[PDB]
Each structure stands twice: as structure tokens, then as C-alpha cells.
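Residue numbers (the authors' numbering), protein chains in the order written: chain A, 3 to 96; chain B, 3 to 96; chain C, 3 to 96; chain D, 3 to 96; chain E, 3 to 96; chain F, 3 to 96; chain G, 3 to 96.
C-beta: ideal position from N, C-alpha, C; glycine also.
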């Protein structure tokens, strides 16, 4: 059901695959994040360990704050792909 | 249905193609613009980041304000093409 | 849909491409500018580090202030291109 | 989207590249300047070390004061390039 | 529809072409003039930059004031051409 | 639309070209003049640097004051050209 | 847009070039003059070094005082060139 490489069943299967992979990634990352949160403690505001540890958790927070826009762009990619398929169909179907 | 290169079915198909392409372009650009709007924040009116970032968004605004007249001219082009076709038909059909 | 090299679908696609590229450029530059703003500190008004660092940020500010007019000219270019296309069509379509 | 060597997407990409490179340069230079400021001390106003060290920091200050106009000229260059492109388009598009 | 080189359809097409070209010229020049107006600032009445910049804008104003009569003469030319055509027709049609 | 070398479309295009070139020249010169104004300082009224620098800025001022009449003459040239065209048309059109 | 070698666009470009070159010359000379002023000191009014150095700075002052009239003549040259162009056009355009 297509012309050259555009197949609606294949597209649906690909959507299934990406959806389930993203679900698993969220699940695993959340589960691991809980363990990390449990492991690290809060020594004191101003001792040696605080100086030694604070920037690390800051980097954690920053990278994880970067995740959402990555996911948004990844989602945007699929609309582009499907639209390219539609245009390609229309171009030489007539 | 024509004389040399003017074909009414071909013209209708071309109109279909340009219409759908313009629709897709609007869709994709709007969706991406929402993501850009979400990503960038407003630091402060007068700090370093404001000086560093404000002209960029100004350029964004300006270019996107230039878009409408581009679209208008692009639309005007088709009337010229169809009129040239009509004249060419009349010239040597009689 | 054209005469020699003027194709309305091609023009629309080109507009799409330039628009999305400009959006990405704004996004990336803003995100990076936030990081730069965070990294650099303000030592003091009159110490060695101030003398060492101030002109650099001045150059930053100046170049980024130059960006907007660059974008404006870049936008102006497209109107010229489309108008040249219209004129070329009219010249030998009749 | 151009005539011979003028490509609006290429220009936008080039602007992106120069912008990010300038941002990185500012970042790295500022970070290094902080370290230099920290390392050197102020011995005394009139001892041997002062005589030995003062002109060096004077040269530092002078060169870094030269930076801003370099950046300004570098920014001016792009407007010239884009204008040359516009003129070249207009010359033989008609 | 003519005698030797006078063709009413050709004349009408030529009028169309000159009209649209003049419209485009006005459009482009106005759009560019807005950008120029935005870019240049007003430093002060009596400093170095004022002395350096004022005559340039004076020349701008003068040349652009010369434009109108150029356009008027250009318009006058067409009446002469059409009248020459009429006379040439009458001379040897009888 | 002409007789030998006088073409109203060509004239209009030439007017467009000269107008845009003059606009760009004004823009670039003003932008550069601002940078020059910023770079040079005012040392003192009577020291060595004043003697060394004052005549240079005097020459700057003088040449830039010469610009306006150059532009005026350049503008006058076009009226002469168009009038020569009109006369040439009238001479042998009848 | 001309007759043999007189081209208004070429003239405008030449004016741009000479203007920017003169601006750069003023800039560079002023910047260098500041450095020269800083380097040389004032030993004493009547010692050996004064006798050894004074005439040199006198020659500096004199030559730099000669600059302005050079610039004025250079500016005058362009009016002559443009007028020669106008006369040449008028001579054989009719």
C-alpha cells in the first residue's frame, strides 16, 4: 500500500516501536532516578562534602532539564516524514 | 485539453500541490515556533543574558514579519501564469 | 509549474527550509547564550579581572547587536528573487 | 535558492557558525582571564617584583582593549557580503 | 494589428511590463529605505560622528528628491512613442 | 519598447540599481563612521597627540563634506540621459 | 547605463571604495599616532636628549599638517571627473 518506500502499515509499526521505546526509557530512567535520590544524602550547608558534591547534582538537574525539548523535537520529526510521504505520493501518482 | 503546454488538468493538479505544500509549511513552522517560544526564557531587563539574547529574537520577529508579502507575491504569480495561457490559446486558436 | 527555473513548489519548499533553519539558529544561539551568561561572573569594578574581561563582553554585545540588520537584509533578498521570477515569466510568456 | 554562489540557507548556516564560534571564544577567554587574575599577585608598589611585572599586565590590558574594535569590524564584514549578494542577484536576474 | 512595427497588443504588453517593474522598484526601494532608517542613529549635534555622518544622509536626501522628475520624464516618453505610431500609420495607410 | 538603445524597462531597472547601490553605500559608510568615531579619543588640547592627530580628522571632515555635491551631480546625470533619449526618439520617429 | 566608459553604478561603487579607504586610513593613522605619543617622553628643556629629539617631532608635526590640503585636493578631483563625464555625454548624445 504505497508507491516506492512509503508504506502505511510500515509507518504504523514504526510509530508503535518508537512509542514503546520512549515509554520504556521513561520507566527505566525514573526508576533509576529514585535509586540515585535515595543513595545520595545531604551532609551540611557549608562543609567539605557539600563543596565536593553540589556541582554534580547541579549538572544532573541541568541535563535532565534539557531532556524535554529533545523529546519535543523528536516528536516533530515524524510529522515531517509523513508530510514528505504525502507530497511524494501526490507528485507522481497523477 | 490544450494546445502546446497549457493543460487544464495539469494546472488543477499544480494548484493542488502548491496548496497542500503551503499548508504543510504553515503547520510545521507553527509547531516549531511553539517549541522555540517554550525553550527560550526571559532572564531580566538589563542583565548580561538580556544583552546577549534580545537582538536574536528581534531578527526572528523581523524575518517572520517578512513572510506575508512573500506569500502574497507567490499567490500573484499564478494569475499571471493562467492569463499567459489564455492569451496563448487565443493567439493561434483562430 | 513554471517556465525555465522558476517553480512555485520549489520556491515554497525553499521558504520552508530557510524558515526552519532560522528558527533553529535562534534556538541554539539563545540556549548557548544563557550558558555563557551563567558561566562568566562579575569580579569587581576596578580590579585586574575586570580590566581583563570587560572588552570581551563588549565585543559580544556589539556583534550580537549587528545580527538584526543581517537578518533584515536576508529577508529582503527573497522579495527580490520572487520579483525577478515574475518579470522573467512576463517577459517571454507573451 | 540563488543564482551562482549566493545561497540563503548557506548564509544562514554561516551566520550560525560565526555566532557560536564567537560565543565560545568569549567564554573561553573569560574563563582563562579569571585564572590569570587569580594567579598573579600584587607584591608592592616599588619593589623589584613590581618593576619586573607591571609592564606585562599593561600589555595585557592594552591588547584586550584592542579586541572590541576587531569584533566590530568583523561584524561589519557580513553586511558588505550580503549587500554584494543582493547587487549580484539584481544585476543579471533581469 | 498594425503596419510595420506598431502593434497594439505589443504596446499594451509593454505598458504592463513597465508598470509592474515600476511597482516593484518602488516596493523594494521603500523596504530597503526603512532598514537604512532603522540602522543609522543620531549621535549628537556637534560631536565627531555627526560631522562624519551628516553629509552622507544629505546626499541620500538629495538624490532621492531627484527621483520624481526622472519618473515624470519616463512617463512622458510613452506618449511620444504612441503619437509617433499614430502619425506613421496615417502617413502611408492612405 | 524603443528605437535603437533606448528601452524604458532597461531605464527603470537601471534606476532601481543605482538607487539600491546608493542606499547600501550610505548604510555602510554610516556604520563604519560610527566605529571610527568610537575608536578615536580626544587626548588633550595642546599635547603631542593632539598635534599628531588633529589634521587627520580635519581631512576626514573635509572630504566627507565634499560628498554631497558629488551625489547631486550624479543625480543630475540621469535627467540628461533621459532627455537625450527623448530627443533621439523624436528625431527619427517622424 | 552610459555611453562609452561613464557608468553611474561604477561611479557610485568607486565613491564607496574611496570613502571607506579614507575612513580606514584615518582610523589606522590615529591609532598609530596615539601609540607614538605614548612611547616618546619629554626628557628636559635643554639637555642632550632634547637636542637629539626635538627636530624629529617638528618634522612629524609639519608633515601631518600638510595632510589636510592633500585630502582637499583629492576630494576636488572627483567633481572634475563627474563633470567631464557629463560633458562627454552631452557632446555626442545629440
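Which residues, in order along the segment 16-31 of chain C, keep a beta-carbon less than 8 Å from a beta-carbon of chain E?
-> none
Under 8 Å between C-beta atoms of residue 18 (chain G) and residue 13 (chain F) = no
Within chain F, partners of residue 89 (chain E) - CB distance below 7 Å = 96
Where are the alpha helix (DSSP H) runs, 4 residues long or more, that stay fully inside the segment 6-92 of chain E, in chain order?
-> 10-41
What distance in whole Å lies between the Cβ atoms of residue 54 (chain F) and residue 38 (chain G), which are believed to be in contact at a cut-off of 8 Å?
-> 7 Å
Are the beta-carbon atoms of residue 42 (chain E) and residue 11 (chain F) separated by less than 8 Å?
-> no
When G:52, G:91 and G:69 are compared against residue 60 (chain F), the one with the closest alpha-carbon | G:69
Run the CB neighbour count on residue 32 (chain C), radius 10 Å, all protein chains shown included, and call it buried at 16 or more, exposed below.
-> buried
Would you say residue 51 (chain E) reaches chain C, if we count a Cβ-Cβ gap shorter than 8 Å as a contact?
-> no
Assuming residue 89 (chain G) and residue 82 (chain F) form a contact by the criterion Cβ under 8 Å, report the distance between their Cβ atoms to the nearest whole angstrom.
-> Not really, about 10 Å apart at Cβ, beyond 8 Å.
Can you pull the chain C residues whose beta carbon is under 7 Å from the beta carbon of residue 13 (chain E), in chain order?
-> Chain C residues near residue 13 (chain E): none, gap ~12 Å exceeds 7 Å.
What residues from chain B crowd round residue 93 (chain C), counting only those whose CB sits closer than 9 Å?
-> Within 9 Å Cβ-Cβ: nothing; residue 93 (chain C) doesn't reach chain B, min ~11 Å.
Any Cβ of chain C within less than 8 Å of the Cβ of residue 37 (chain E)?
-> yes
Taking just the CA atoms, how far does residue 35 (chain G) sit from residue 79 (chain E)?
-> 57 Å
Using the rule of at least 16 other Cβ atoms within 10 Å of the residue's Cβ for burial, across every protein chain shown, is residue 76 (chain E) buried or exposed?
-> buried
Residue 73 (chain G) and residue 64 (chain F) closer than 8 Å at C-beta = yes
Residues from the segment 70-82 of chain D in contact with chain C, defined by Cβ distance under 9 Å = 70, 71, 72, 73, 74, 76, 77, 78, 80 and 81
In whole angstroms, what is the alpha-carbon distance linking residue 20 (chain D) and residue 8 (chain D)?
-> 17 Å
Closer than 8 Å by beta-carbon distance: list the chain F residues that pair up with residue 67 (chain G), in chain order.
-> 57
Exposed or buried, residue 58 (chain F), counting other C-beta atoms within 10 Å across all chains shown (16 or more means buried)?
-> buried
Beta-carbon proximity list for residue 28 (chain C), same chain, < 6 Å, skipping 5 on both sides = none
Anticipated Cβ contact below 8 Å, residue 16 (chain B) with residue 96 (chain C), distance rounded | With a Cβ gap of about 20 Å, residue 16 (chain B) and residue 96 (chain C) do not count as contacting.
Proximal chain C residues relative to residue 8 (chain E), where beta-carbon distance stays under 9 Å | In chain order: nothing, as chain C lies at least about 17 Å away.
Out of F:50, F:62, F:44 and F:26, point me to the one whose CA is closest to residue 62 (chain E)'s CA.
-> F:26
With 8 Å as the threshold, decide whether the Cβ of residue 33 (chain B) is near any Cβ in chain A.
-> yes
If we count the other Cβ atoms within 10 Å of its Cβ and call it buried at 16 or more, is residue 49 (chain E) buried or exposed?
-> exposed
Distance, residue 40 (chain F) Cα to residue 47 (chain E) Cα | 16 Å
From residue 93 (chain B) to residue 93 (chain E), what distance separates their C-alpha atoms?
-> 28 Å
Would you say residue 41 (chain F) faces chain D, with C-beta separation under 8 Å as the test?
-> yes
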